[PDB]
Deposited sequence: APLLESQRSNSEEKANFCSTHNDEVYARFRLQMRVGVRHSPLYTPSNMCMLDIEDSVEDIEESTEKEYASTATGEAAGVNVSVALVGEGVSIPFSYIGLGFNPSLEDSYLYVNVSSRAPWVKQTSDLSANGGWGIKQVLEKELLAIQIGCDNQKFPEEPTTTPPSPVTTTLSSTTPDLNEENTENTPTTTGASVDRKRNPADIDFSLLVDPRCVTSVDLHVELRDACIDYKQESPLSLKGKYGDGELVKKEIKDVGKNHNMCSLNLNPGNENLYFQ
């Protein structure tokens, strides 16, 4: 990018995290579901205390609800804030079984500098690596039914009544990795077929409703 490279070049010595999640959720609806085009999006950031630790807990939490499915995606850091800036939904509003696509991306440092994790002899990196958690939860909200060190640490929790499948690719990496041979910060996470959803998600706008929330930069 125009903004990007000229920034990255200016900070050879730094490490800025970048989080990306592409996720496809197999959806199905209840008999009573009533098609809707609605789409609810939120990104909210929390600070909590571990009294055990000196460190504070920083969670960035992205939520989206379309198609009767409600999705939560929380990235929980300990002493370190990786903040989300963008969430994208792609859904089909109909009653039929379909797929739901979720993008989540953290803030771009060239847009609004995150913290530099290399500092203090890499203090932050040891944190991300040692205690970073990814929590993804998926529910059929409001619906009523008839009755190794590179691997990201994620809990993936879902409701089988509306969720038929989940596949996702997720990455937590050095933002300027495209200008580095190595980076101490490079985390990967797959569930199901990630390499697929990473391609597929890049072109569902033809046959899906698409909503997106982007946070103010600055």
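Several segments of the deposited sequence are absent from the coordinates, namely 1-10, 158-198, 270-276.
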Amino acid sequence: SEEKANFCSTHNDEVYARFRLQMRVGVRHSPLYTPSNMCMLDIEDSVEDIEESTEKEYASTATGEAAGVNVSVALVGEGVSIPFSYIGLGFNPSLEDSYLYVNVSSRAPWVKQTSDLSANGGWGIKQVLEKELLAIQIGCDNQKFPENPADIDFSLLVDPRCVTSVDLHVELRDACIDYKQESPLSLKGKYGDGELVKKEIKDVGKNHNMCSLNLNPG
From here on, numbers count along this sequence of modelled residues.
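When the other compared entries with both flanking residues are checked, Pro35 is modelled in all of them, not unmodelled in a third. Across the other PDB entries of this protein whose models span the neighbouring residues, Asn148 goes unmodelled in a third or more. Look at the C-alpha B-factors of 86-94 and of 109-117. On average they run higher in 109-117. Taking the PDB entry as given, 137-145 carries the higher mean Cα B factor of the two stretches 68-76 and 137-145. Across the options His208, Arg24, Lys199, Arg18, the residue with the most elevated CA B-factor in the record is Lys199. Comparing C-alpha B-factors across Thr34, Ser183, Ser60, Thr63 in the deposited entry, the largest value falls on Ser183. Among the modelled residues of its chain, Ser53 has a C-alpha B-factor that falls in the highest third, as given in the PDB entry. Split the chain's modelled residues into thirds by C-alpha temperature factor. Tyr99 is in the middle one. When the CA B factors of the chain's modelled residues are split into thirds, the value for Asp151 lands in the highest one. Annotation for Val158: CA B-factor lies in the middle third of the chain's modelled residues. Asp178: CA B factor in the highest third of modelled residues in this chain (values from the PDB entry).
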